[PDB]
Structure formats: structure tokens, C-alpha cells
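Here the protein sequences come in this chain order: D and C.
Under the authors' numbering, the first residue of the first sequence carries the number 729, and numbering increases by one thereafter.
Under the authors' numbering, the first residue of the second sequence carries the number 583, and numbering increases by one thereafter.
Idealized CB from N, CA, C, for every residue including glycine.
What follows is a short report on a single structure.
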Amino acid sequence: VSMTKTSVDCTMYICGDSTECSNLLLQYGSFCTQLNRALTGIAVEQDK
Amino acid sequence: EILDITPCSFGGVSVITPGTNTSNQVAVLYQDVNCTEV
Ligand SMILES: *[C@@H]1O[C@H](CO)[C@@H](O)[C@H](O)[C@H]1NC(C)=O
Ligand SMILES: *[C@@H]1O[C@H](CO)[C@@H](O)[C@H](O)[C@H]1NC(C)=O
């Protein structure tokens, strides 16, 4: 019925403890923002 | 000597708030971490 809810942070996972790496990540647009909302919708549907 | 290394940046931050037309008060949800910042 329920699947294990996993919220993966794409800011920390992709670039560990690095602002300069995250500065290059912002050039990719919503790839971080969109995938984080995709896993967010999964955790919400598992609750529903 | 032997020193264990535990990475920093514990947990995420989730904002819990009612609607805009209700109130502007918010409740911050710290995930999987003890009260620290406050
Ligand atoms: C808030 O809700 C009340 C009651 O429905 C309505 O009269 C009012 O226009 C709403 N105000 C805003 C800012 O949405
Ligand atoms: C937060 O405090 C509780 C108190 O029992 C403790 O069990 C828990 O381990 C603390 N946070 C973490 C992730 O260790």
C-alpha cells in the first residue's frame, strides 16, 4: 500500500558542501527544483 | 589518533503554515534533527 517515503535533496547530494558547485548547478535551471518536487509528490501520494 | 568524521548540514527545513487569508504565522518543521538553530 505505502512505499518508503524518500525525500532526496539535490542541493546537497549533487554538490556536497560546495557553493561554487551549486553556482554551476543554478545554470541547469529547475532540474534540481523539479526533481525535488517529483519525489515530493511521491511522498504525498504515499500518504494519500 | 583516530577521529570519526560526520558530515554537517543535518536534515531539511519544512515550513508549515495556514492559508494566506487565514494568518501569516508559520511553524517550521525541522526534519530528523534536534532543536538547535531556533
Ligand atoms: C478572505 O476570506 C473572506 C471570507 O470568505 C473574504 O471575504 C475575503 O475577500 C478574503 N480575503 C482575501 C485576501 O482573500
Ligand atoms: C533528537 O532527540 C531525540 C531525543 O530522544 C534523540 O533520540 C534523537 O536521536 C535526536 N536526533 C538525532 C537524529 O539523533
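Between the beta-carbon of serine 735 of chain D and that of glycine 594 of chain C there is about 7 Å, and that keeps the pair under the 8 Å contact cut. Relative to ligand 2, the nearest heavy atom lies less than 6 Å away from the CB of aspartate 614 of chain C.
If you draw a straight line from the Cα of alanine 771 of chain D to the Cα of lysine 733 of chain D, it is about 5 Å long.
The beta carbon of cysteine 760 of chain D sits closer than 8 Å to the beta carbons of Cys738, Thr739, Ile742, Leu753 from its chain, once the five residues preceding and following it are set aside; these are given in chain order.
Taking C-beta separations shorter than 7 Å and ignoring five residues to either side along the sequence, the partners of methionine 731 of chain D in its chain run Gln774, following chain order.
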